[PDB]
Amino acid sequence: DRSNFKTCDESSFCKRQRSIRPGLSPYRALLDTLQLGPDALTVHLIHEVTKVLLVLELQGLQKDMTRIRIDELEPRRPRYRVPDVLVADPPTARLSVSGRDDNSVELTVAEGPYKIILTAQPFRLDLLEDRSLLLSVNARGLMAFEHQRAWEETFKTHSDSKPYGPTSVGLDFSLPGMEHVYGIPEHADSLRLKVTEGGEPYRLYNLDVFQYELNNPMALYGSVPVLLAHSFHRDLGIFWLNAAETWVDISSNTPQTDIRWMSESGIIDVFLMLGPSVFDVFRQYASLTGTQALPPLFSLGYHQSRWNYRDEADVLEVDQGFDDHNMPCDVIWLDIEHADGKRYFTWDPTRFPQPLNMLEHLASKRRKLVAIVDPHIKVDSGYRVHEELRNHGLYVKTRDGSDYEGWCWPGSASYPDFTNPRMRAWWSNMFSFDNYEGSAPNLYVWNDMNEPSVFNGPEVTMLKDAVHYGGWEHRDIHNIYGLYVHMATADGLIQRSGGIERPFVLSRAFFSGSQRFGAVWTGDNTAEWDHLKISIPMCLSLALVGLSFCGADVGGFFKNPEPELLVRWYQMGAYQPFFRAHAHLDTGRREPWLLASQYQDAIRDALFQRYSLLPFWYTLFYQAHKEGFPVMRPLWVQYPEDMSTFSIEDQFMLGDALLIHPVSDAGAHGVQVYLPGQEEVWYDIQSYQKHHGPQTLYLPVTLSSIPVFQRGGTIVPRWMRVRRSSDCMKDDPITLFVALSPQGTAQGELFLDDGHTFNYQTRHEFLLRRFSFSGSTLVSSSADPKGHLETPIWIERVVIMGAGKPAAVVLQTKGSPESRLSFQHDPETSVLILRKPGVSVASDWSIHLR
């Protein structure tokens, strides 16, 4: 049923580019034209046959990166360069000519150890650290650059006028020593990317695929053109900064992997991130496109959603249902049936006549609401949004100059030009409490269908020859249309508060940089066991490329899950970053209390575990925000030298502290848990049993089981007092779970702030604590002195795994007399519980076991 979507052979530019096979490149560098500039090295390239002249701009960057840009020397019309994705102009490092011959120029970045060898004929680039070759560019001669000439293509019944002709660009990269590559979401495929030699390339083109299937390289809703390569010896990253339709070929050949990128228009613009460790690559990419926005705490709790809740009464019944069944929940979601006939920023006058009163009732429960706002605007002269956008000329246009009209949820609809900054400002202002009537501070937003989805359009999206701000074609900008929606919405939630409140926006489509604006989810999955399984590799591929705030619909969007599958999905979702249950219009109701008691109890247990880990989750997202480190991680990120982890996708880690292997098979009696690490120990957090690595442990499970292990040497903060929402909990005391290394040590961090504003940044109102255990002493100190916070949070309990019974326990706090703590000890489990230390979380203190 996939004739809707083009294969590479049906994409004329992919067909052309991919017909170029590995061979002798006709491109050659004219070393006479070489020039060392203040920021870059420029040199002319020429196609030996067509005599087309190109310009290579080569840059060494601070933080050990290289940027390669190639454009035409004298083009007829300007080529697209991706804006608004880089957060800054990347700081450059000085290049030097350190060697030369008849066919070569050797370049040194600053004073070493990184070198770039430019070969003149055939054109080629080699990147080295000292004398070790890291990667090659155009080593297989696959560079292709169709210059703007002085064409018309039809697929199905849609006609692309293509007025500029062939303009595609492409380039290959060789990675010696690399056998494993990852990234380039979004695909319903394995974490470790497969070779494309015998089939389709991986496609990056934001598309709405109805009932998408698993284990295939079709383009889905988002596109992040970032590829990570990992070996025992090094990590590298390739960031192909292009916003047009892009295909990616992968082939393996002493072990070596080749990567080839093929884009429809724009310039060649690629960043090479040289590591050497994967965390260096994280830092390198984060310096280019920014870091994960710090989510407001409530958005890390549980979200209850479906298409659709009926009316205000239904919403309040759902809210009361959580409290009547002792289940926590932070947000209830309102899908498209809450608006007036899919006119966004409105409310159905019969079923949602008093949104402020509904939002006030939720605020009295200290809960929030999310409302969907899609970018397509119903063509309707009675719709003020459409009238304003049309009158101000802020719509995407066709070549004849009329506003583009396609078909979507409200019928005929137009599409605002979110590439236009004047349009984004209009959109952002529309979220003011005066403009978006019925909204309130506890109402947040969901951007959907922002690929953009166009029901009567080619491949269910906008025509390639639609025209945007500045005259650029839609084919030039497609993959950042969604990001611009996400960005303008999030800025609107900040502005409406006067710049004080952090936003929460969920987006379906995305691109490099989307991590700056909120969360994403994997779209319309299906209530099936294999879709449950695939949520791990999909969110892991997003984490690796900077999008840490990822999740999948709990229970599956399509179809009705069996109760056991829904339980397993709650357990899985409870340990994934974005935790939302959602369901298609025609599914049965599956709020978690509607199931038989045994299934309710397992789900409530999963919900309690998630809420009690919120301090841990919040700290991981603060580290992601400050450092660019992913929250959810593949095992190989934490164990880069254990080759048996390089493909694992049925387990993951949260930070470096928790290893998770959720049950994802019906009627399972046990799971095989790989516990990695030489000299490493792992604590079963349910039984406190210690296990040494490396080993594959067979763990028997029941319905209520969630296989979770804490790593020795880590300290995990928890809120053991689970309440009805996170707002209710954010002044509660902390319990510290200390998992002792074999050396008797452990460390951990904890971030705290007001939970929802930018005060942590504009006023340094926060705490970052370091907890360290060594010898027989637990010590709390500041990990950032610039942060102070007025908070009643205190340490109510310390749980130490792998400890012997002490003779006495002594607490010392700055400003207080030395005191004695009572304690309980279990000889079977070697678990030590220190009772009520009672010290403020803002204080330096130490606890000694004698």
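Residue numbers run from 1 along the displayed sequence.
The entry shows a gap from residue 150 to residue 151, with 10 or more unmodelled residues of the deposited sequence in between. In terms of unmodelled positions of the deposited sequence, the stretch from residue 253 to residue 254 in this entry skips 10 or more residues. Note on 692-700 vs 406-414: mean CA B-factor is higher in 692-700.
When the mean C-alpha temperature factors of 802-810 and 54-62 are read from the deposited coordinates, 802-810 comes out higher. Residue-level inspection of the entry shows that, of 166, 375, 546, 537, 166 has the top Cα B-factor. Between the residues 270, 117, 316, 654, the entry's highest C-alpha temperature factor is the one at 117. Placement of the Cα temperature factor of residue 795 within the chain: middle third of the modelled residues, per the deposited record. When the modelled residues of the chain are ordered by their C-alpha B factor, residue 746 lands in the highest third.
Residue-level temperature factors show residue 95 in the highest third of its chain, judged at the C-alpha atom. Among the modelled residues of its chain, residue 110 has a C-alpha B-factor that falls in the highest third according to the deposited record.
Placement of the Cα temperature factor of residue 726 within the chain: lowest third of the modelled residues, per the deposited record.
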